[PDB]
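If you read the sequence shown in the authors' numbering, its first letter stands for residue 1, the second for the next number, and so on. Ideal placement from N, C-alpha and C gives every residue a C-beta, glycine not left out.
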Amino acid sequence: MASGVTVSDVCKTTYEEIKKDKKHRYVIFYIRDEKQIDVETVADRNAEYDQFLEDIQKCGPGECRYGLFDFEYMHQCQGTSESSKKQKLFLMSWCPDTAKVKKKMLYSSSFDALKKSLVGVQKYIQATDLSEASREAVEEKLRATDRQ
């Protein structure tokens, strides 16, 4: 990583689909050649967050990953179960920053780089280790930027 990342076309095609048809519920980005952004994992609502969690950590422990998720979250308030169905896009960087510095240098540039490609996402948050990246930890950061 020499500060300045190239986004692969796989990211564009996924975004153009997820923005219109959104049958690519969440796209997992991987870091390409340690200087480019790539898409090496895609999944839809057929898989749940548990399967998502297990599969990514199975694919690799300590490297850089990203995830753009467009889902309709129903937020209810005041004990009134109106359930405000709000579709929200979130970007999450799955990368152990606490690991090898050569690895965290890579996502350092690309974290802001892909924001240009998947522009329109609401919140971008990083999750380092499996302790920080869990299904519950995912719902916490998505509601933290919401409104009661």
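Check, Outcome
"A127 - partner residues in DSSP beta bridges", "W94"
"Close-in-space but distant-in-sequence residues of the same chain around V42 (CB under 6 angstroms, 5 per side omitted)", "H24 and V27"
"The beta strand (DSSP E) enclosing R32, as first and last residue numbers", "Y26 to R32"
"Short Cβ contact (9 angstroms threshold) for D97 with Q126", "yes"
"Residue interval of the alpha helix (DSSP H) (run including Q57)", "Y49 to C59"
"Rounded separation between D146 and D70 - CA only", "15 angstroms"
"Residue of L106, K141, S134 and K19 minimising C-alpha distance to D38", "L106"
"At least three beta-carbon pairs within less than 8 angstroms, the segment 28-35 to the segment 133-145", "no"
"At least three beta-carbon pairs within less than 8 angstroms, the segment 44-53 to the segment 105-122", "no"
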